[PDB]
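Asks: Residue numbers (the authors' numbering), protein chains in the order written: chain B, 51 to 99; chain A, 51 to 99. Here you go, one structure.
There are 2 protein chains.
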Amino acid sequence: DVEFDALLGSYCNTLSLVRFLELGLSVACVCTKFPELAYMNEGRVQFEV
Amino acid sequence: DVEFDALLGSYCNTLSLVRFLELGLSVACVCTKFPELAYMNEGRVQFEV
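What follows is the structure, encoded as structure tokens:
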């Protein structure tokens with residue numbers, strides 16, 4: 051004969067999200083979103099100095 | 051002849067009535083009225099985390 055009641059003096063924090071960019075490690079890279087990356091073959095970055 | 055034994059004072063201490071939400075250790079927990087826990091042996095608190 052089970053009975054329930056919900057406790058409200060306080061509430062539960064189910065999940066916390068980390069954003070990365072919000073981090074400070076985000077400096078060390080230039081993050082860009084290249085959705086076609088699934089379709090690529092080779093990316094080349096060429097440098098002249 | 052006049053002699054008298056005197057009562058020179060009466061002192062009482064006032065018992066200090068303190069409630070529980072004064073204390074610093076109310077930070078440490080959540081207090082909620084839950085009558086009927088005399089009735090119930092089993093307990094579970096489930097929060098979906």
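By construction, the Cβ of each residue, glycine as well, lies at the ideal position given by its N, Cα and C atoms.
In chain B, which residues lie less than 7 Å from residue 97 of chain A when you measure between Cβ atoms?
Replies: Near residue 97 of chain A (Cβ distances below 7 Å), the residues of chain B are 62.
Asks: Closest Cβ-Cβ distance between residue 77 of chain A and chain B: below 8 Å?
Replies: Chain B contact via Cβ: absent.
Asks: For a cutoff of 8 Å on Cβ pairs, would you count residue 8 of chain A as touching chain B?
Replies: Nothing about residue 8 of chain A can be reported from this structure: the residues present for chain A run from 51 to 99 only.
Asks: Going by DSSP in three states, residue 60 of chain A sits in which element: helix, strand or coil?
Replies: Here residue 60 of chain A sits in coil by DSSP.
Asks: Would you please state the rounded distance, in angstroms, between the beta carbons of residue 70 of chain A and residue 76 of chain A? I believe it to be under 8 Å.
Replies: Indeed, because the Cβ distance is near 7 Å, the residues count as touching under 8 Å.
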